[PDB]
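Residue numbers (the UniProt record's numbering), protein chains in the order written: chain A, 56 to 110; chain B, 163 to 215; chain C, 141 to 250; chain D, 2 to 160; chain E, 26 to 49; chain F, 69 to 429; chain G, 10 to 51; chain H, 148 to 196; chain I, 161 to 214; chain J, 10 to 97.
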RNA sequence: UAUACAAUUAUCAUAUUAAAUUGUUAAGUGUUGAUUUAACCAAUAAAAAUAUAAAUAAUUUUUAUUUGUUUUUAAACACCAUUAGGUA
RNA sequence: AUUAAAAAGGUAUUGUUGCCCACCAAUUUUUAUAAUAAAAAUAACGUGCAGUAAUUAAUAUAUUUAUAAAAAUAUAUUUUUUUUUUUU
Ligand SMILES: [Mg+2]
Ligand SMILES: [Mg+2]
Ligand SMILES: [Mg+2]
Ligand SMILES: [Mg+2]
Ligand SMILES: [Mg+2]
Ligand SMILES: [Mg+2]
Ligand SMILES: [Mg+2]
Ligand SMILES: [Mg+2]
Ligand SMILES: [Mg+2]
Ligand SMILES: [Mg+2]
Ligand SMILES: [Mg+2]
Ligand SMILES: [Mg+2]
Ligand SMILES: [Mg+2]
Ligand SMILES: [Mg+2]
Ligand SMILES: [Mg+2]
Ligand SMILES: [Mg+2]
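In structure tokens, the structure reads:
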């Protein structure tokens, strides 16, 4: 591992590689991989009545 | 007792899977000598499961 | 929780060390945590996160011109309305109103 | 039974005991339930002194056993009716009578898997044994078994 | 933290669990 | 007054509670994050109709009489008389099928007994759990394909719908048991599965379940992101129902296919066979189309009746063609996406566009 | 060393190392998979 | 099982409440706790112990 | 049971009222007999003593 | 202040302090009495007492009561001590 | 400066197939006083016991829900300060 | 004419006259400058005596407190030393 890529440590390289790993990729189940925590508890106090046009 | 830690672990695990595999090593909050009869309607009068809080 | 449980890596021992941390290491890091927390208390830190604002960026209220501890350093620039509201929040947090739930008080909270 | 009660009551003049029991009974009928047995017992000496509505501790108390068939909804009403009556010191409630402790544990029941109708038919007395019961009932039981099993169909297919 | 060891401490013990953690 | 403020003294583990204070009792979410304050009037009606009692539909008595007319004949001879032989056993194929009295005791078995016993086995005497099981058995029976059907989609959807309503009103009463919040959410998820499989199996039953139990709120796609990528529609691919339609009863297939050798689309072969497939239109598309259809009549009227105005506009267009950026069409000019193919111009030379992408690509 | 790289208990069979390499980038270049869209070597 | 109906209520209550009346010629039944409790006469005053 | 009995007044909150009566039901073990299975180390050595003295 | 019966300060003798409950005959201790012994005629009560006390001590009841009735200990130290006892 | 982790067992912070939730009981006055503590000081002292079964396994909850901080002392113990109170 | 044996811990390494811990000055160096910025090197001066079951055992979280190590309380816990009723 060339030392100039990513951080000054080695493990930073493998931490950004986990971003490209095949079986780790973003889909309908696993979402917002890179910032999970900025979006957390965001809608807790947002009250949305669900959509029903059928009785 | 620490020599038997693994044993106790097996029990903690159980109380976790009952709680939807969440609170490990967690126990119910101790309440008061007479928590049940000093509290008004609407507040918990007995100590709940930790996950239930 | 918001704050950090630990500072630095408190569990560093050899693999299969059958405890989260050794006594030695945990004592070192307890020292560092102690120093940081004591710094927070004496300088009278205050942070805030306001609704409908970016959350990760927290307004530091302990540096606000009214609540600033130092007589020297230039504090911070926060909106006039918002800063008034922050001042009112910090002020009316202090004392226990009956019927409200008892919340921990300290010297350094004022 | 579906439900049962043990009612520890204050030992008053008989007209009062009768009024109170009529009140509890009517409170059960109005709520659309039945009384299997209302059993009377004497004025006993308990192990704990009970205070009545006068806050005067009592050495003696009259014991009374209720056995009811209700819905579980409206026995809330009967519960806070009974417990709120002034002539009842204490009431303990048994809801376990349909599935008591000694059944349905690792296929203990032979030829059936949890037949609920076994313990419903029965009264509380035969689910929970009283202390006086001795080996003697092992006799009576079977004369009441065999005899029963002889006359049942013939009695039922009459009408 | 202090970046060096203030104490010179060498334990000579080599518990088999510490070394091969793949098998224990 | 204006946004909530969290105050955090950093030596403390967590912030102080906010100033407006929030609602004292936490809102109860459904699985998707939508909020229900209370049961909807429909669901409320379902529980009020469970509580006081259920009933076996005379539908079952009817099909019992038409299928096994002999047995029903016997029971028809014997009414009111105590029976030692249970002729009625065909009417109740399963243990679960008899809910009108406790412990799965069929009605006509109570003929020869005491009326007290009859009251003691009645509906009024059921526990609440028993009552739930009753409602569930009744509905399961109305949607089941055969007697012993459980795992089929309609049945599953219904029982999960009921379980869900029960748990919901339960949480309405006693606020914090998060065990049951979690069980409600899991049940809601498995209900979502069951319904989305239903609409691709038989859709009318799907419809009438949604209309009976009022669950449309768990069929709503969770969020715009995963919907835009077509992973909401991607579900019935994974379920294996995507090709299951069996068109020929609906949608004559002749105009759904394109021509391989010709290259013409499906709208083309539909055009040629003189067929029209078109989805029912809202007022948007109707008034857009009806505005566009008439362009040439409006134009003909304009250039007949008012030539000078026209000639003015034309002067402007014709002369415009000589002014402007590009006078001729070349790969540079005829680039459909200008800012995209030349991004290298965007900051410095070309000031028109501030971004390189205005569309999918 | 909780903070550090995972080590194998034993070596890896070299033969298997060579068997898992069949579809690797070099073999692909030899099969011709990648499109040649540019001048390449002169 | 003999179910007490609403009609027979007070009659049955009185039959059970006179169970121990403090004199009889026949041997007395025990409790559910298996005790011989106090014998009250009419009106429920305790005559014999 | 003990819970119910207590709240109904049929068993005392402390103490065993039947303590003496119940002694028949418990296996009271005479020091004169020897149960080969005991965790009692006294009884074993007592019988050892006895036989050796014999 | 109000103390439990096994509390240190329980039955105080002072100018302010006054004992609580009916203290004789049928008493405060009515159903709370752990042991009862009818003294056999011509038996000193010292044998009675030493029998009771031996009983309580050997079955580790007096251990327990002394332990819990003096200080508070968190459920962790109680568990640690009891399970340690049991494993020993 | 470039130059080949593991995948059979690895302790600090990215949870996930789960049955809970709800129970109105106890305890209190005789009288003239050194209790508790290693030691100080304030100063009525007694007390709050019951529930199993059942809930089916997996496949699109990750902006949702969730991990011992909690109204009411005119109720105590306990803890904190020290006779003024705080908290419980 | 009034006796002793057998179970035990070390941050030191010829080992307690052993080591170590924070504040309190100078300076060195990086920066995301919060009473008096943060962090790292560091060999003065002055307080003490926090730690090595270590003079009220320690460790982690929580809350409070503060010349400085730290101390008080609420929970978990042994990287603390153990004391052991198969119905009496
Ligand atoms: Mg701390
Ligand atoms: Mg070293
Ligand atoms: Mg060593
Ligand atoms: Mg384009
Ligand atoms: Mg540019
Ligand atoms: Mg006070
Ligand atoms: Mg993680
Ligand atoms: Mg309070
Ligand atoms: Mg610098
Ligand atoms: Mg600095
Ligand atoms: Mg020291
Ligand atoms: Mg210390
Ligand atoms: Mg110490
Ligand atoms: Mg500590
Ligand atoms: Mg200090
Ligand atoms: Mg600390």
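Where is the CB? At the ideal position from N, CA and C, for every residue including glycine.
Relative to the non-hydrogen atoms of ligand 4, the Cβ of residue 86(F) never comes closer than 6 angstroms to any of them. A straight-line Cα-Cα distance of about 10 angstroms links residue 222(F) and residue 267(F). Just so you know, the alpha carbons of residue 208(C) and residue 62(A) end up roughly 36 angstroms apart. Residues of the segment 88-106 of chain F with a C-beta less than 8 angstroms from any C-beta of chain A: 90, 95, 98, 100, 101, 102, 103, 104, listed in chain order. For residue 58(D), the three-state secondary structure derived from DSSP is strand. Taking each of 250(C), 191(C), 181(C) in turn and checking the Cα distance to residue 81(F), the smallest one comes out for 181(C). Burial state of residue 41(D) is buried, judged by a 10 Å Cβ sphere holding 16 or more other Cβ atoms. One alpha carbon belongs to residue 187(H), the other to residue 166(H), and they sit about 9 angstroms apart. In this structure, residue 106(F) sits away from residue 105(A), with a CB-CB distance that is not shorter than 7 angstroms.
Contact between residue 131(D) and residue 179(H) holds: CB atoms are separated by about 5 angstroms, below the 8 angstroms threshold.
Contact between residue 71(D) and residue 32(D) is confirmed by a C-beta separation of about 7 angstroms, below the 8 angstroms threshold. Contact between residue 109(A) and residue 278(F) is confirmed by a C-beta separation of about 6 angstroms, below the 8 angstroms threshold.
For residue 70(D), the residues of chain F that pass the 8 angstroms Cβ criterion are 187, 188, 193, in the order they occur in the chain. A direct Cα-to-Cα measurement between residue 58(J) and residue 66(J) gives close to 12 angstroms. Counting C-beta atoms within 10 angstroms of its own C-beta, residue 137(F) has fewer than 16 neighbours from the protein chains shown and is therefore classed as exposed. In terms of beta-carbon proximity, residue 16(G) stays away from the interface with chain C, with every pair separated by 7 angstroms or more. Distance from the CA atom of residue 194(C) to the CA atom of residue 89(J), rounded to whole angstroms, is 48 angstroms. Runs of the beta strand (DSSP E) lying entirely within the segment 14-77 of chain D, each at least 3 residues long, are 35-45, 62-70 in chain order. For residue 286(F), the secondary structure class from DSSP, reduced to helix, strand or coil, is coil. Excluding its 5 nearest sequence neighbours in each direction, residue 333(F) has C-beta neighbours in its own chain below 7 angstroms: 326, listed in chain order. No residue range can be given for residue 171(F), since it is assigned to no alpha helix (DSSP H) and is classified by DSSP as neither H nor E. Between the segment 94-105 of chain F and the segment 163-180 of chain F there are fewer than three inter-stretch CB-CB distances shorter than 8 angstroms, so the stretches are not counted as touching. For the segment 171-185 of chain I, the residues whose beta carbon sits under 8 angstroms from a beta carbon of chain D are, in order, 171, 172, 173, 177. Rounded to whole angstroms, the gap between the alpha carbons of residue 169(B) and residue 146(C) is 28 angstroms. Along the segment 178-197 of chain C, the positions whose C-beta sits under 8 angstroms from a C-beta of chain F are 180, 181, 185, 186, 187, 188, 189, 190, 191, 192, 193, read in chain order. DSSP lists 238(C) as the bridge partner or partners of residue 240(C). For residue 4(D), the enclosing beta strand (DSSP E) has its first and last residue at 4-10. Just measuring C-alpha positions, the residue of 153(F), 298(F), 304(F), 275(F) sitting nearest residue 83(A) is 298(F). Residue contact with chain J for residue 48(D): present (Cβ-Cβ distance below 7 angstroms to some residue of chain J). CA-to-CA, the gap between residue 85(A) and residue 33(E) works out to about 48 angstroms.
Here residue 149(D) is exposed: its Cβ has fewer than 16 other Cβ atoms, across all protein chains shown, within 10 Å. For the options 86(D), 151(D), 108(D), 104(D), the alpha carbon positioned closest to that of residue 18(D) is the one of 86(D).
Here the C-alpha atom of residue 102(D) lies approximately 15 angstroms from the C-alpha atom of residue 162(I).
Contact check between the segment 107-124 of chain F and the segment 198-205 of chain F: three or more CB pairs, one atom from each, fall below 8 angstroms, which counts as touching.
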